[PDB]
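> Starting from these lines, generate the structure:
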Amino acid sequence: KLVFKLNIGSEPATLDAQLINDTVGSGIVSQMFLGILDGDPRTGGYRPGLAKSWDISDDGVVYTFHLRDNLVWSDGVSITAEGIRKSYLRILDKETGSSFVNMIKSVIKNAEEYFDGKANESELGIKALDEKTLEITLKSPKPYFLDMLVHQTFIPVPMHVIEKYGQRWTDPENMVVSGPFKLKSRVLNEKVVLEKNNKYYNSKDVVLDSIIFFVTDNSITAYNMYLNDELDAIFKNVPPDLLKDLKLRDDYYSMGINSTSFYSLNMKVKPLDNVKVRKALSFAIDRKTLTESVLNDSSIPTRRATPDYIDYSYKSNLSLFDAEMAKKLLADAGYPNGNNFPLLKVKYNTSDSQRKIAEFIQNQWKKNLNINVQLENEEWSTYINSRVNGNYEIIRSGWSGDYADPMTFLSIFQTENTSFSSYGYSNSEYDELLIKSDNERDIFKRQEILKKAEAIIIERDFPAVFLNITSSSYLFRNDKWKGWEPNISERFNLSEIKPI
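Numbers count the residues shown, from 1 in each chain. Sure, structure below:
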């Protein structure tokens, strides 16, 4: 058996692509389910997946995907355009409770109306033109739609098996898949074992028989296993304290990614409803010291809410840190030298890295503002539940881009999506700028509209304390394996791994 073993850093909450909203579930599920387009492991872009090619109408709204021949799920049942269509119908069912459904509704013609019970199934912009032909009609043109199809919310799921098994469909014995690996087994809070799926259209190029995802929040345990030849790799979850040493090693990798770190603020929890308080917290953090002395990675300290992209890049003149101005705002808010500031709880996901960051933040607020916060860790599933349901006061947060356009970031601050940013934030001028950007076909005009929306959250409203643009760290046994490399979107195809 060729077995590749890695630590990914936390137990996934769900392996159901239409319910996953998190990078752990996403990274695993992407090894099992082929999208209409697939991720390009070399660039972090997209490439043919279930569809071998596609057409786009002259007006840019109608996409027509031509499926490759002999597509089957892992139980041999054919993947037809009608099966994919039925898959989209499930995520547009209110009863499924997909927390990402807004991404589908904002893109596809009549998806919102269908979801709300106002349009016939036949009027939805997803059609099976024949067995090997799927048509998707967009609400308005979107140059990043193709790259969007790689995101798990858009990945088709096996409706014959969901129909049958319901809530149990993702169990090892029931799950059937379309990609390079199937789900062999699972030990809760310990392991997810994948095995080669023979029916994958390109199983030809899959040399590994098995991949084992080792779960653990303890980076030291993971690191000791890796030093004793029991892990082939550790993605992201490296010991934050040993980073000075790791950089010197030949099996260490590092890259700037399309991912941000920020702390969300519950606008319904006082005094976080006070813009001056929010501004004080943001200006009271020394961002440069955080990236150079605590992360010590190469993360970019920033007041920005989005990474830069080819069509969306600029240098904000914005101060990374101002303790005097922070104090002044806090005094004007009614808490001079911190007097009468309440004891707020800062939540973060169990993680050695996140702990260290939270402790630095705690210390910045104590030292620069003379306010006290209490730290509190949650296991990954509980942490996600807390963010989504607003069950927090301050919570370590951030976002990994789901597609190659600043909208993936700016979207989480739209009123309806603040499950993924700061609970209860709503600025109708912001919302309206985003709507405008969806309707502006000129790339440079759109850029300017986006910049005015971002300025509202980063210079005016401060719904969150934006901290940096992330760089992730990895260990990978490049003396044993090839066929893996970091990329800007962390879109990995571990089936391309081979021994040297």
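
> ranges for the helices of the stretch 151-300 of the chain?
Listed in chain order, the helices of the stretch 151-300 of the chain (DSSP state H, counting those that start in this stretch) span 159-165, 219-227, 243-246, 275-283, 287-289.

> Show me which of those has the highest average neighbour count.
helix 275-283 (a mean of 23; mean count of other CB atoms under 10 Å). In this view, the C-beta of every residue, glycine as well, is placed from N, C-alpha and C.

> Alpha carbons of that helix, as PDB, please.
What follows is helix 275-283, C-alpha atoms only, in PDB (Å, rounded to 0.1, in the frame of the first residue of the first chain):
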ATOM      1  CA  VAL A 275     -18.000  53.000  16.500                       C
ATOM      2  CA  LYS A 276     -15.400  54.700  18.700                       C
ATOM      3  CA  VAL A 277     -15.000  51.600  20.700                       C
ATOM      4  CA  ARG A 278     -14.500  49.500  17.600                       C
ATOM      5  CA  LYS A 279     -12.000  52.000  16.200                       C
ATOM      6  CA  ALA A 280     -10.000  52.100  19.500                       C
ATOM      7  CA  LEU A 281      -9.700  48.300  19.500                       C
ATOM      8  CA  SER A 282      -8.500  48.400  15.900                       C
ATOM      9  CA  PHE A 283      -6.000  51.200  16.400                       C
END
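
> Name the residues that touch it?
Around helix 275-283, the neighbours that count as contacts under CB atoms under 8 Å, 6 or more residues apart in numbering are 263, 265, 271-272, 303, 319, 321-323, 325-327, 329-330, 332-333, 335, 365, 369, 461-463, 465-466.

> Quick check on those residues: which are buried?
263, 265, 271-272, 303, 321-323, 326-327, 329-330, 333, 335, 365, 369, 461-463, 465-466 (16 or more other CB atoms under 10 Å).

> now, which of those lie within helices?
Judged by DSSP state H, the buried ones among the contacts of helix 275-283 include 323, 326, 327, 329, 330, 333, 365, 369 as members of helices.

> Just give me the closest of the residues you listed to residue 432.
residue 329 (27.4 Å; CB to CB).

> In contact with that closest one, which residues?
Taking CB under 8 Å, 6+ apart as the contact definition, residue 329 lies against 276, 277, 279, 280, 283.

> which among the residues you listed gets closest to residue 125?
Residue 125 lies nearest to residue 279 out of the contacts of residue 329, by CB to CB, at 42.4 Å.

> pretty sure residue 472 belongs to a helix, no?
No: assessed by DSSP: H, G, I helix; E, B strand; the rest coil, residue 472 does not belong to a helix; its assignment is strand.

> Tell me what it is bridged to.
Beta-bridge partners of residue 472, counted by DSSP bridges, are residue 255.

> what's the closest non-adjacent residue to residue 252?
residue 246 (4.8 Å; CB to CB, 6 or more residues apart in numbering).

> That neighbour reaches residue 240, doesn't it?
No: look at residue 246 against residue 240 with CB atoms under 8 Å: they stay out of range, at 9.8 Å.

> circling back: just the closest of the contacts of residue 329 to residue 135, please.
Residue 135 has its nearest neighbour among the contacts of residue 329 in residue 279, at 48.2 Å by CB to CB.
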